[PDB]
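Next comes just one chain, in structure tokens: the form deposited in one PDB entry.
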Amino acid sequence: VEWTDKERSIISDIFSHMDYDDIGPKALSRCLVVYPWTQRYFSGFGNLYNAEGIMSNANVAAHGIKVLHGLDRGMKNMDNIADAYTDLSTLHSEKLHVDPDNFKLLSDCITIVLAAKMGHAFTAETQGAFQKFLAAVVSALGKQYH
């Protein structure tokens, strides 16, 4: 990816103002509810019953934070996203067997939760930079096997 300096600043501002303890749990929760077949990939999580089980399940929360922290690493290394994600790409698309289409679903849920937090500050241009970022990360997560 060829990044602009405007894109670098937007992406950096975004991450710098994000509360990982708030966004990660809500993004993952929501993804497990809106696209419930994704619950299947999470072995050992507990009582995943209804919608308010998932929403206040501390294991899903814990894990929502690990996802945002995994994004945090690509943000810190934007010129080398592809190779900072070999570990994760290998676990997700060869030890977990998660269909590539799902990284795209979760990424859409992070965007929706981030739009509800930032409100009007989440402009089209902000959205355009964050989306370019995540498409790079999603690209790096499947990258391993064809």
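From 1 onward, residues are counted along the sequence shown. Shifts are known only where both forms have a C-alpha. Under this definition, the rigid core comprises the largest set of C-alpha atoms superposing within 1.5 Å between the forms.
Omitted from view is the form deposited in another entry, to which the following refers.
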Have a look at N50, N80, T86, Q39 and give me the residue whose C-alpha moves 2 Å or more between the shown form and the other one, with the fit done on the rigid core.
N50
In that other deposited form, shift in Cα separation for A51 relative to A115, 3 Å or more
farther
Comparing against this form, do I23 and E52 have their CA atoms pulled together or pushed apart in that other deposited form? The difference is 3 Å or more.
farther
After fitting on the rigid core, list every run of 3 or more consecutive residues where each C-alpha shifts 2 Å or more between the shown form and the other one, in sequence order.
49 to 56
